[PDB]
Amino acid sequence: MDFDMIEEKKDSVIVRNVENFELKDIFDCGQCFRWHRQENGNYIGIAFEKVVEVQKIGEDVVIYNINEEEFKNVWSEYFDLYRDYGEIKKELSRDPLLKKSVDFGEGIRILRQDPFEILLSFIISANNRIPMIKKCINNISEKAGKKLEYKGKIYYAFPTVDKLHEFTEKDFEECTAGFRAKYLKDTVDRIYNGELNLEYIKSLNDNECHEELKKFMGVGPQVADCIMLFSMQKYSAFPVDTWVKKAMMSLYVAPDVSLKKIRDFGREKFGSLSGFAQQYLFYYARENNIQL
């Protein structure tokens, strides 16, 4: 594990000697939308119908609003704290071309998020901008999510499948999903009616899992890779957007080809570490706003 032990406190849990764990790297590397940076450096987020605040002090991490039982069954896995990222980075850094990206995002960890929330979140992410995506997801939660309180503030859990089934295309449109409102509604019904089952989809191997997810309206190859990587731990995924495409052409002189071919080229080169590889690539590419 990438931590030595924990210690339960009054209203929190302290993780001792965490390794490969930085707040900005984890929360701003592109994998999540409901974690917000606070004035003091901490981050507050809403996941699994719960509000959590995370802080790093030295080599320790404090997770407020949770107990040891919650840490053991929910959060330790949420933060993928059982996987050794030192090995991942060591293996990838063998490629001198990846070192710079890996070192820049050294504290990245791929969270184990909820499939349903992730499915709708990334359908919303397609050709969108960060602000609109976050706004839309929050709007959907405020409108139909369980109300929550933390330190004098109200927050909204992500809505259940049943509550969202009540939504009309117009509702998603009012939350500003734009033309994607149609995809959200179509997708929620497929979930509700039982046509597509997320937990079953998640039990399939990387390639099968991927194919199924593409059955959802608004879900193409890129979005499918994001969904299975971020919520179904299918590590051979290699999400290709314009940022990953740039970093890829720039480093391996890959010629301008389809996203599918860039995806095939990435997965071929990184295998089981493809997902981790693209996150480092993506994070570095976007924060440094690289060009041809």
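In this text, residue numbers run from 1 along the sequence as written.
Once the C-alpha B-factors are averaged per stretch, 199-207 and 73-81 rank with 199-207 first.
Higher average CA B factor: 177-185, of the stretches 108-116 and 177-185.
Ranking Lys215, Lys89, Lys134, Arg190 by Cα temperature factor from the entry places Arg190 first.
As recorded in the PDB entry, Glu39 shows the highest C-alpha B-factor of the residues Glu39, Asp225, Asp28, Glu53. Sort the chain's modelled residues by C-alpha temperature factor and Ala277 lands in the lowest third, per the entry.
Among the modelled residues of its chain, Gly58 has a C-alpha B-factor that falls in the middle third, as given in the PDB entry. Sort the modelled residues of the chain by CA B factor and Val244 lands in the middle third. Per the PDB record, residue ranking by Cα B-factor puts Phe122 in the lowest third of the chain. Ranked against the other modelled residues of its chain, the C-alpha B-factor of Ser231 as given in the entry falls in the lowest third.
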